[PDB]
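Presented below is the structure to which this report refers.
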Amino acid sequence: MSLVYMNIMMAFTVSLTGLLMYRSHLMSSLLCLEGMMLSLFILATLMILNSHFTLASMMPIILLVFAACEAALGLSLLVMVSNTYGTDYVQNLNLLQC
Amino acid sequence: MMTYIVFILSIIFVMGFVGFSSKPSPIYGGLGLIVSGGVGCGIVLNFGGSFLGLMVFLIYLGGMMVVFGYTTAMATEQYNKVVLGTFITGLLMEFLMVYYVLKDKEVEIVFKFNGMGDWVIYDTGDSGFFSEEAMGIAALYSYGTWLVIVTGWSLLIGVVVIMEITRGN
Amino acid sequence: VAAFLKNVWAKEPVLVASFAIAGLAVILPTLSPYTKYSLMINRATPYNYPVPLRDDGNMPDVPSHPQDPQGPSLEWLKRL
Amino acid sequence: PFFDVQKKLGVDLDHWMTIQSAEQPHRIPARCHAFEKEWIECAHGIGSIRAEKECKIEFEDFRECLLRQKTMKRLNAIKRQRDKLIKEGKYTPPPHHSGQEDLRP
Amino acid sequence: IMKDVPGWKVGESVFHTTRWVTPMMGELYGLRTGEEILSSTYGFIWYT
Amino acid sequence: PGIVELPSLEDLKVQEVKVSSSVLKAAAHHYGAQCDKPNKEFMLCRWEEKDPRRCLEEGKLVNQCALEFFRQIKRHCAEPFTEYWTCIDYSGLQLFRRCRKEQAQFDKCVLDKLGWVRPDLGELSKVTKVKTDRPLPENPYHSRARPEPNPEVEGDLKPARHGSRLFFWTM
Amino acid sequence: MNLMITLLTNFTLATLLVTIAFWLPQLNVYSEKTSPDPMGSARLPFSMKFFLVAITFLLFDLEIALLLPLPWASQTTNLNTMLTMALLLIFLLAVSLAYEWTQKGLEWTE
Amino acid sequence: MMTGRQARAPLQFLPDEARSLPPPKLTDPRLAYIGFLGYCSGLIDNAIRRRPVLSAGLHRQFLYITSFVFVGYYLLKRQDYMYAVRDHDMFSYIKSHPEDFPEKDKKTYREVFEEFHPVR
Amino acid sequence: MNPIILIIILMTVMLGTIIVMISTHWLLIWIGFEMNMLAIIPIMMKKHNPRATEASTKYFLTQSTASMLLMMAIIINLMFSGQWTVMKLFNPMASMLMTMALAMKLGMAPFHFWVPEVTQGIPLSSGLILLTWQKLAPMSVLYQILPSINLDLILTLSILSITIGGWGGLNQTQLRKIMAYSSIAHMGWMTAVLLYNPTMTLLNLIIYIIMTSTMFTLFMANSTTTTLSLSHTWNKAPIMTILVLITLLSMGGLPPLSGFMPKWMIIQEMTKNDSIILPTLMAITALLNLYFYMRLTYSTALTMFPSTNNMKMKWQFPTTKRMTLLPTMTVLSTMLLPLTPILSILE
Amino acid sequence: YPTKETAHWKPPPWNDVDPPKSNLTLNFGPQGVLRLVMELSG
Ligand SMILES: CCCCCCCCCCCCCCCCCC(=O)OC[C@H](COP(=O)([O-])OC[C@H](O)COP(=O)([O-])OC[C@H](COC(=O)CCCCCCCCCCCCCCCCC)OC(=O)CCCCCCCCCCCCCCCCC)OC(=O)CCCCCCCCCCCCCCCCC
Ligand SMILES: CCCCCCCCCCCCCCCCCC(=O)OC[C@H](COP(=O)(O)OCCN)OC(=O)CCCCCCCCCCCCCCCCC
Ligand SMILES: CCCCCCCCCCCCCCCCCC(=O)OC[C@H](COP(=O)(O)OCCN)OC(=O)CCCCCCCCCCCCCCCCC
């Protein structure tokens with residue numbers, strides 16, 4: 001297929017493996033998650049603008065809004081984590097091993 | 001060179017994601033995702049999606065990454081080998097992809113991809129006195145009734161959920 | 001309904017103006033006689049091409065020329 | 001569970017955005033409207049198991065309209081043979097493929 | 001051009017159906033110069 | 001698959017209407033009133049055949065009927081027309097509303113010397129009818145035969161034989 | 001193309017001015033300054049209220065993103081449905097604001 | 001499996017052609033078993049709240065029996081309907097495809113040779 | 001929590017699952033999952049302790065990752081099909097990504113790694129919602145995409161879920177982790193019979209929801225979250241020991257009980273398709289689940305562990321808890337096997 | 001079945017509520033004239 005789809009999919013997989021291999025922070029995880037959402041926005045947008053399918057032009061906006069609301073939820077979760085340990089470190093979230 | 005410009009922007013786009021997928025710090029991660037959003041917006045603008053690209057600016061960057069940098073600046077009190085190694089790893093993977101698809105005009109990582117510039121796939125007609133993208137977004141209120149109901153209900157519930165889980169009571 | 005309205009207009013006039021403007025915005029298109037003309041102007045704006053019909057032999061109300069009398073007229077839009 | 005509430009109650013919640021051949025605003029056709037209309041009218045009612053083998057021609061036409069992979073492969077072959085014949089000096093472009101012919105209308 | 005290549009059908013449709021297909025941008029402006037390419041493929045988008 | 005059949009370059013040669021877009025837009029309403037019939041023949045042919053190669057000769061008639069529109073302007077009213085499309089040509093959006101006295105002079109001169117009446121608001125967007133002699137396309141999509149549907153359900157509904165037949169359940 | 005040239009020109013002028021501001025007074029050979037705040041060295045206390053006004057911004061900005069196609073949506077032929085859904089979106093934004101009010105969300109930054 | 005059969009008329013618990021079928025009697029052993037489940041639900045409801053198990057809430061036990069018989073009657077009707085639809089589709093398909101269901105030559109055991117295996 | 005807000009949030013959870021069930025467009029499927037997660041987050045953080053916030057964080061990360069893989073599968077479906085119908089998938093890459101996304105939403109192994117954590121961190125009612133209601137929407141999408149599900153993928157996920165959910169609960173003394181590993185094993189049982197007969201998938205889902213709702217309702221009635229706290233039940237409420245006895249003997253698949261019904265029918269639809277090794281290995285692996293069910297019945301019903309003195313006070317207060325549908329669910333989760341041919345109502 | 005790895009695990013609390021494990025002090029000094037020491041709670 002088209003050559004720009006290669007780069008947008010590979011960007012999605014780069015941000016996937018960033019979101020699938022944490023270092024320390026939960027904020028860097030949410031950044032990788034929203035990079036995944038951004039790459040989905042770009043890819044759905046390039047398809048819908050390519051094929052001239054008119055009614056799906058409202059589709060990525062929806063894909064923005066919900067997922068941006070999703071990001072808000074995650075940020076609040078992070079803040080509750082940072083209201084317990086003082087950092088947003090993912091290694092402090094191990095109380096449920098037992 | 002200029003006929004490949006979206007491709008070139010897309011390369012910067014992939015580079016921008018390695019700017020934060022290696023996760024140097026969440027503030028440098030935020031900066032990398034801002035530059036990535038700008039170039040991906042430019043990619044959206046070059047297929048004719050002006051309104052969608054300005055949603056990437058107004059809502060993704062100027063709306064949401066503002067809140068990411070805001071929340072991050074309220075943490076990570078102000079003052080790597082793995083970061084730079086993973087960064088050059090992803091960069092060399094992407095430039096090997098560039099070199100392969102520019103020397104072969106064909107590549108297959110998971111799907112087959114053409115090596116010519118993406119100007120070839122476009123349409124050769126006009127849309128008259130409307131942008132088809134603008135009218136498909138204007139269709140959200142006439143044809144998109146159920147979508148507006150469920151989206152507005154999810155945003156109202158989102159406000160309620162954010163107020164519940166941050167109260168602590 | 002009378003003392004309460006004067007009380008909320010004395011304490012919180014911004015909110016009273018808010019709910020009054022929103023209430024007029026809700027109810028007044030259902031009562032306006034010009035709401036129909038918005039519909040009739042938006043459907044009379046020709047974004048596309050009026051793709052003509054094959055004259056099979058019995059279409060008495062479809063014109064053969066734009067300046068023919070039969071067909072949709074917009075004298076209401078010129079006059080109002 | 002596919003509780004088909006829309007067909008039961010007669011409401012149209014999400015069928016309009018489902019296909020490209022549906023009713024679009026201002027009658028805008030998609031770039032593969034005819035191919036998708038032919039694939040849908042082929043594969044209608046006969047089930048997916050029959051439709052994967054009895055509508056393969058319409059679906060290959062529609063997929064190759066969408067992605068243009070055979071078209072771009074053919075353009076790759078034409079352009080690469082043209083570049084080889086330019087490099088070997090066996091071919092020259094015409095004046096109308098150089099920009100010196102004052103285009104038609 | 002495509003005289004040397006074995007087994008090539010000139011003007012062969014990549015589509016199975018004989019219906020007219022709207023020409024792609026690369027089908028029309030493929031063999032032309034990059035100036036006409038850019039003017040046809042990003043002219044309106046880049047215009048001011 | 002098959003070879004696509006394109007017309008030769010002799011089939012595409014026609015006397016091109018080489019006027020600018022402001023000349024077209026200034027002369028637009030009288031072109032839509034006076035060159036109605038072969039234009040609508042052509043556009044009916046163009047939406048029914050769905051193939052421009054089947055619509056060439058009618059298009060030539062369009063390119064024949066447009067030029068006779070402009071020569072008949074050039075024989076009688078070249079000066080008010082030139083003054084009108086120059087003022088249309090000045091504007092960036094090519095507004096009609098900036099150019100009403102030149103339109104008035106052009107419409108007065110055309111209505112006197114050629115008897116043409118400008119279409120009223122709402123007329124050129126009417127859906128008209130075209131009497132043609134070409135046949136209706138019985139397969140404009142070049143569609144093949146559709147697959148035959150699955151057989152329906154019919155007849156009366158008898159009960160299940162000996163119940164459910166699930167291993168030992170007698171009902 | 002004109003826009004990309006304009007953006008590049010503005011970025012180049014801004015970078016030139018920033019470079020002149022960060023490097024022209026460096027050539028002053030004034031003096032080395034020995035031993036170059038209300039809180040001394042305490043950590044930054046997290047304010048829940050700043051995060052609350054930021055997330056309230058984000059959610060109402062999403063509702064704004066839904067409202068942004070309205071000058072194009074007034075041009076439709078299905079105006080009763082369009083008007084109902086537009087008033088319903090602005091009403092749900094107002095219900096979000098009223099719920100943010102009455103559950104003490106707009107407090108000490110009211 | 002039969003999801004294309006009940007897709008032309010979706011979300012019908014009992015369609016119209018279900019009325020062509022005989023309904024279960026009120027003395028159905030399956031319906032009596034579901035009434036017994038209602039009685040067991042009533043006894044367990046009195047046992048978990050420390051009530052006299054047979055004595056307390058005869059109105060409540062009777063509503064348990066009534067509600068389970070009421071739900072189970074329609075469940076049994078739909079059950080018999082779906083097995084009748086299964087058999088109807090089977091028989092229509094065997095009638096429409098005779099080449100996939102040939103009539104077998106039933107041979108008597110005077111021609112049928114089975115290998116004998118002595119147990120010793 | 002405000003009870004009005006609780007009612008609106010539970011209706012929004014139910015609304016998101018219904019929007020997944022009733023929609024024909026993929027964007028509305030994704031919207032239903034987003035609405036469902038966004039509304040179930042406060043149900044997990046109801047008691048406001050760091051275990052609930054950690055559990056909600058882990059749940060958010062896994063379900064967000066699954067939703068992103070779901071939308072990527074949908075976008076690749078629009079690439080290779082040009083349309084949005086919730087039906088079969090027109091690319092094996094999109095089929096693989098959607099099967100992965102739904103496996104992450106269900107907690108099927110090796111994406112099971114969030115289910116015993118989150119169920120431990122949240123209350124018993126929210127864990128009941130997570131293990132019963134939150135299995136409905138991904139199994140509905142797996143019901144509707146099964147002409148494109150790869151066989152070896154779904155069977156690998158199924159046997160790996162059955163084996164890992166079997167060996168999980170043998171080491172567990174916490175009841176919510178026991179129900180979580182039971183969830184992983186039973187979801188493997190549901191997806192194993194998926195491509196062969198999805199009616200038996202629906203039967204297994206309904207019987208599992210009934211039995212899990214019975215066990216969580218008994219856990220909420222007795223206010224026990226550990227095995228050793230559940231062992232105090234005979235001195236307080238002796239009928240509840242009989243109820244957890246018959247329900248845990250049902251959940252192990254022991255005849256003549258109703259929980260024997262699904263797995264038997266699963267075998268009944270897998271030996272038709274000439275798979276004999278796979279339902280045999282699955283049935284033998286279910287003995288692990290039955291072993292820790294027997295461990296719980298030994299601790300609760302069949303022996304009498306020593307209680308304490310303060311239990312004598314609780315003899316003087318009857319249960320004021322609304323044990324909703326507990327006799328109905330207890331009867332349905334045990335005495336339903338003579339009504340086995342009722343499964344044709346799910347066809 | 002406690003192994004060597006799962007030996008440092010204690011059982012969770014009975015109500016499943018964990019223990020949670022300072023207000024800002026500002027010096028608005030001389031930089032008429034006045035020094036202020038602020039104890040602020042936000
Ligand atoms: C004039 C207008 C009015 C006309 C009125 C006409 C009727 C007059 C009499 C009124 C009463 C009628 C009663 C129903 C008809 C007869 C049903 C019958 O006996 O079926 C024989 C049935 C098959 O025998 P058959 O020789 O082939 O058929 C004779 C008839 O043609 C059977 O007829 P069928 O071929 O139509 O039967 C259909 C089918 C025939 O059956 C089959 O196709 C075979 C499969 C049956 C299910 C097997 C499941 C195995 C795994 C689970 C084991 C469950 C636990 C076992 C028991 C634990 C302790 C309760 O039945 C089913 O599928 C229903 C499921 C089984 C329930 C049977 C009815 C129970 C009613 C009373 C409920 C009280 C509790 C009973 C015990 C609960 C457990 C069953 O026998 C069994 O399956 C053995 C199990 C026990 C049967 C229940 C006996 C009913 C009377 C019980 C009185 C004592 C209660 C003591 C207190 C409570 C328990 C502690
Ligand atoms: C139906 C029309 C559409 C309605 C929805 C659209 C609304 C558009 C405007 C958006 C409003 C968003 C915010 C609403 C918040 C309402 C709650 C509120 O503010 O209550 C508190 C307030 C008293 O203020 P207090 O809490 O004391 O503030 C501290 C500072 N002193 O309490 C008050 O001041 C009392 C407020 C309630 C009574 C207002 C009555 C106004 C009547 C105007 C005339 C009739 C208009 C028709 C509609 C009537 C609807 C009720
Ligand atoms: C093809 C299939 C299609 C779909 C079929 C239908 C699927 C049904 C799925 C059922 C899912 C049930 C989820 C849980 C119930 C929802 C409401 C809820 O949250 O109830 C719990 C509630 C919370 O009360 P709270 O104050 O939090 O208590 C804490 C202790 N102080 O209250 C309590 O804690 C009270 C204690 C008792 C609660 C018992 C609730 C039982 C609910 C399940 C009934 C069985 C399912 C329906 C029948 C079978 C259908 C398959």
Side-chain angles (χ1 to χ4, degrees), chain D residues 20-21 28-42 53-105, chain E:
Chain D
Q20 300 171 354
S21 297
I28 301 164
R31 288 179 63 186
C32 303
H33 174 78
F35 293 99
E36 185 166 355
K37 186 262 294 299
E38 289 297 327
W39 177 61
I40 290 170
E41 287 183 350
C42 185
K53 63 180 181 292
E54 294 179 356
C55 297
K56 190 183 264 79
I57 288 173
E58 290 84 3
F59 183 71
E60 284 181 352
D61 288 333
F62 172 56
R63 176 176 286 173
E64 203 269 326
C65 180
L66 291 171
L67 294 171
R68 298 295 179 102
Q69 296 181 356
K70 296 178 184 178
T71 299
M72 286 189 285
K73 185 176 184 293
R74 185 171 179 86
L75 291 172
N76 281 315
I78 292 168
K79 185 178 183 293
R80 189 177 64 247
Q81 183 64 38
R82 182 174 179 269
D83 291 331
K84 181 172 72 69
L85 291 179
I86 288 298
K87 187 71 182 295
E88 294 179 353
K90 291 173 67 175
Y91 177 76
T92 183
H96 62 270
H97 285 172
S98 64
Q100 295 297 110
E101 66 98 20
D102 199 4
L103 273 295
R104 175 67 70 85
Chain E
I1 287 168
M2 303 298 286
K3 293 184 286 185
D4 181 73
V5 176
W8 185 266
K9 298 292 289 184
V10 289
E12 185 180 3
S13 177
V14 296
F15 293 97
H16 292 87
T17 185
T18 58
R19 185 177 60 246
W20 177 257
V21 183
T22 298
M24 202 179 73
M25 186 66 73
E27 292 180 352
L28 294 177
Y29 292 92
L31 303 178
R32 293 179 182 270
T33 58
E35 191 269 332
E36 292 181 352
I37 288 169
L38 287 173
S39 176
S40 298
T41 199
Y42 296 111
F44 168 66
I45 294 169
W46 292 353
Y47 180 69
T48 301

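Throughout, a chain's letter reflects where its sequence line sits, starting with A, and its residues are numbered from 1.
Under the disulfide (SG to SG under 2.5 Å) criterion, no residue pair touches residues 6-48 of chain E, with sequence neighbours excluded. The disulfide (SG to SG under 2.5 Å) analysis of residues 7-48 of chain E, with sequence neighbours excluded, yields no pairs.
Annotation: maximal heavy-atom pairing with chain E below 4.5 Å, among D/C32, D/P93, D/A34, occurs at D/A34.
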With 3.5 angstrom as the limit, list the donor-acceptor pairs from chain E to chain D, or say none if there aren't any.
from  : atom 1 : to    : atom 2 : distance (Å)
E/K9  : O      : D/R74 : NH2    : 2.9
E/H16 : N      : D/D61 : OD1    : 2.8
E/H16 : ND1    : D/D61 : OD1    : 3.1
E/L31 : O      : D/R82 : NH2    : 3.2
E/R32 : NH1    : D/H96 : O      : 2.8

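With a 4.5 angstrom heavy-atom cutoff, D/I57 touches chain E via backbone and side-chain atoms both. Proximity to chain E involves both the backbone and the side chain of D/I78, based on heavy atoms less than 4.5 angstrom apart. For a residue to count as touching a neighbouring chain, one of its non-hydrogen atoms must lie under 4.5 Å from one of that chain's; by this rule D/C65 touches chain E with backbone and side chain alike.
Residues forming a ring-ring contact (aromatic ring centres under 6.0 Å, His included) with D/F62 (at least two apart in sequence, or on another chain): none.
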